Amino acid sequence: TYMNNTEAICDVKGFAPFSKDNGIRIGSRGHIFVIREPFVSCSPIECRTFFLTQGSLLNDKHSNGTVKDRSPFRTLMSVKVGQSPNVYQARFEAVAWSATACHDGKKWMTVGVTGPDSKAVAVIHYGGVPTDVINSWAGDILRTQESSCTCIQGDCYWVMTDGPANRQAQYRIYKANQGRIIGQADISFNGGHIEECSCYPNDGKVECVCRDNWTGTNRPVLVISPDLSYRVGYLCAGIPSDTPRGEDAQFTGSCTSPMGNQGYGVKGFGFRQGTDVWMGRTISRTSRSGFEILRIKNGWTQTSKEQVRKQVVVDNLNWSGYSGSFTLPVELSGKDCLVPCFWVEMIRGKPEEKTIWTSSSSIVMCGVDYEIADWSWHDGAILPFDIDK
């Protein structure tokens, strides 16, 4: 049976810890994939952590140079949420240096992008086998979400980008049923930049909060209807949530336009709450350290700076990284609404640390009816490792 996912996102007062994998600490001795870009997505029966391996293990010579993003060895794999990305519990998914994945109620669909930068191929898998593909349409690192795609009533949606990472690119919405592409649209967004969308279902639509890697320190927003018409813009709130970013005091905000005039960025997320927004961000304005989430009153629909809740999940003495959105299936939560959850990637190694390698672990949080106290569920691994000596 297909997951409906037509419900509204639950309104939440805070986020409770779901899981923590401790992958890099475990990987000091155990047999753990060197990874990055982990993310969580759920079937009616379980949630899983997906991750992009470097085709190599922590504390091994082959983990050298893994700060690098793309290689013929990178693969999309998965384990149960909270499990480390160890070899012996991992399910192979796809050959990928960029990925998205989601379940439609019947089977898992995964999308793994691999191949040369100038002519990359995205392979769509459904039920454990290749069923369709997408070739690069702009010849410049075809790529996608690095978090859960979104299935509503049996059709699954995701966002892809092809083109420059620092100027105007091209962006598309794809739609599949049972692993077969049944629709696609170009996203018109001149002056804007869309990368690494974090999406979720809400009121029968797909809402996405993404990454502007061009000029914006506020995040692009994309609301997708099943017919593939869309509304695109920026998260209205007068609070910048990208990294690097400027100070809140010096930021104005816009529903339509990038602001902040800074390059680069980091994958991040947001949840709509009626007209409010939960927005995640690193504590540091310049570095990928710390992680907090703010509820901005009316932040979804106007340039509001009215912060009504704030919760810290990783302190600023510790490394963070990417973050992304997913929802709990009604079949698992037992709710009449979609429980909003997020994950935080905690990057260790290069370029910040004294190692030959780069990897990451994850902490997972889910929205609840209560305020949750500030804490830090940081990575906690002790660097350098043996292989670095």
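Start at 1 with the first residue shown and count on from there. Under this definition, the rigid core comprises the largest set of C-alpha atoms superposing within 1.5 Å between the forms.
Participant: Aligning on the core, I want to see which stretch wanders more in 5 other deposited structures of this protein. Is it 46-54 or 65-73 by C-alpha RMS?
Facilitator: Between the two stretches, 65-73 moves farther in 5 other deposited structures of this protein.
Participant: State which stretch shows the higher mean Cα B factor in the entry: 120-128 or 306-314.
Facilitator: The recorded data point to 306-314.
Participant: Given the B-factors recorded for C-alpha atoms, which segment has the greater mean, 200-208 or 248-256?
Facilitator: On average, C-alpha B-factors are higher across 248-256.
Participant: So among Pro85, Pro164, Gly290, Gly139, who wins on Cα B-factor in the entry?
Facilitator: Highest C-alpha B-factor among the listed options: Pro164.
Participant: Reading the B-factor column of the entry, which of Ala176, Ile224, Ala94, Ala90 has the highest value at its C-alpha atom?
Facilitator: Reading the PDB entry, the winner on C-alpha B-factor is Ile224.
Participant: Which third, lowest, middle or highest, does the CA B-factor of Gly233 fall in along this chain?
Facilitator: As the PDB entry reports it, the C-alpha B-factor of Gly233 lands in the middle third of its chain.
Participant: Considering every modelled residue of the chain and its Cα B-factor in the PDB entry, is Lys354 in the lowest, middle or highest third?
Facilitator: Highest third, going by the recorded CA B-factors of the chain.
Participant: Please rank the C-alpha B-factors of the chain's modelled residues and tell me whether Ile9 sits in the lowest, middle or highest third.
Facilitator: Within its chain, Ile9 is a highest-third residue by C-alpha B-factor, going by the deposited values.
Participant: Rank-wise, by C-alpha B-factor, drop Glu345 into the lowest, middle or highest third of its chain.
Facilitator: It belongs to the lowest third of the chain when residues are ordered by C-alpha B-factor.
Participant: Could you look up the Cα B-factor of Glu37 in the entry and say which third of the chain it sits in: lowest, middle or highest?
Facilitator: According to the entry, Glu37 has a C-alpha B-factor in the chain's lowest third.
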